[PDB]
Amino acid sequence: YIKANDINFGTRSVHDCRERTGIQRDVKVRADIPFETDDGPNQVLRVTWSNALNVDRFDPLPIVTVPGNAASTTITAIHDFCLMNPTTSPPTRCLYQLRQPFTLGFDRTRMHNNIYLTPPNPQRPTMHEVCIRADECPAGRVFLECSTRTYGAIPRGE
């Protein structure tokens, strides 16, 4: 029969961009991983990634098939947000896009009865910024990449 499984991940990061520095973001995702108890440790797995916090879309499609011989699968969570500096007229309006990878690791040697995961590690994200002096937020058609100051796990309870 099909066992249900879910797991959550979260990564916090801080980025410095051309117009604004110290931008902190938390990104949280959930993975759901059914397991057919009749099909053994090398079965193909159908993973569904979903938003828990700040994910606008996944790249590529978040419905992923994990081959029977694969020990991992990776996805990129995409988060878009706008910031404004209203010290001038027109203001400086900036669109930001945070691209945050997550990887789900398996130990198929221990998967006779259900899934078995390996501990995750925070993965380095990238942030991208486009700014204009105008009354409208720019569209996300092109960006300049920011520098990543730090990244890591979200403290428990946060």
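Note that residue numbering follows the sequence shown and begins at 1.
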Read off the CA B-factors in the entry, average them over 60-68 and over 24-32, and name the higher stretch.
60-68
May I ask you to compare 44-52 and 126-134 by their mean CA B factor in the entry and name the higher one?
126-134
Top residue by Cα temperature factor, when 89, 103, 114, 100 are compared in the entry:
89
Split the chain's modelled residues into thirds by Cα B-factor; residue 85 lands in the highest
Lowest, middle or highest third - CA B-factor, residue 15:
lowest
